[PDB]
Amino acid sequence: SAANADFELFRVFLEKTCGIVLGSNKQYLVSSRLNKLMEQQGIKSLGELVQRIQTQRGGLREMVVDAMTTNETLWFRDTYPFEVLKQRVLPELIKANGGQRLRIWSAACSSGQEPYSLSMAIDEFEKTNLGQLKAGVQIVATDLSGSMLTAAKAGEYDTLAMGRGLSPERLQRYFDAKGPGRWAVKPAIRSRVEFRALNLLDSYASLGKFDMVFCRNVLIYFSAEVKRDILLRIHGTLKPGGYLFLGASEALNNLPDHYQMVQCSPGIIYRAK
């Protein structure tokens, strides 16, 4: 009774202040996205947050909008790309450099589901291929400094983030329960991922060279010209023969002398020429 009314005031607040239209059956999404902010502010209920917002202000309204408009990332998004990674790409790159250190770039990693998905995939490949990766595989994940990047580094996720895309097998193998409704990636998964504050419009020179670059569902946020520049400069970080991953419904449709499209049965990847 009382909790539902609070959600309705929050809904109204979003509409009357920012013009944001929430919609219904987003109560659970709201609670998830506001959770850390509320803990930091000592706010124990949605209703308490609403009253606190309109009276104190002082940057709190901006913090709620920041948290509320931060989009979630999915675990192992599209599934097939990580399978192509383990059963096609890793075996090829490994067979090509003698087991040297492989490096993977997860660009615009957001809250971290992608880099951690890659880490888990690497771990699964290694358990069946002991000794192939002599130097192991380094994962570098980048995004803008901010709330998302901070949460990703911590590697903890709530019920909503774990109840989709993550198998029961993977939940036990790679995560540790951290109180009610909260899980954290095990050290083994965490320590192969290095997070760096770096935006796609910043230079990539400090990142070094990669055998694989994951830049999925993010290029859509740039004009045609800016996208082409990003793709060109990404090419500069790739070792020749290295691969770029774009995401299920994105095509490159450009730069034929820099990138060769390749069909992987399920999927497409781009080899750096």
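Position 1 is the first residue in the sequence shown; the rest follow in order.
Novice: Can you tell me which stretch has the higher mean Cα B-factor, 12-20 or 256-264?
Specialist: Looking at the recorded C-alpha B-factors, 12-20 comes out higher on average.
Novice: Quick check: 50-58 versus 238-246, which has the larger average CA B-factor in the record?
Specialist: 50-58 has the higher mean C-alpha B-factor.
Novice: Comparing recorded Cα B-factors across 221, 210, 28, 204, which one is largest?
Specialist: Spelled out: the listed residue with the top C-alpha B-factor is 28.
Novice: Where does residue 45 sit by CA temperature factor within its chain: lowest, middle or highest third?
Specialist: Tercile = highest for this residue's CA B-factor.
Novice: Grab the CA temperature factor for residue 91 from the record and place it in the lowest, middle or highest third of its chain.
Specialist: Its C-alpha B-factor, which the entry lists for residue 91, ranks in the middle third among residues of this chain.
Novice: Please rank the C-alpha B-factors of the chain's modelled residues and tell me whether residue 183 sits in the lowest, middle or highest third.
Specialist: Highest third - that is where residue 183 ends up once the chain's C-alpha B-factors are sorted.
Novice: Consider only the C-alpha atoms of the modelled residues in this chain, order them by B-factor as the entry records it, and name the third containing residue 109: lowest, middle or highest.
Specialist: Tercile = lowest for this residue's CA B-factor.
Novice: Report the third (lowest, middle or highest) to which the CA temperature factor of residue 119 belongs, ranking only the modelled residues of the same chain.
Specialist: Its C-alpha B-factor, which the entry lists for residue 119, ranks in the lowest third among residues of this chain.
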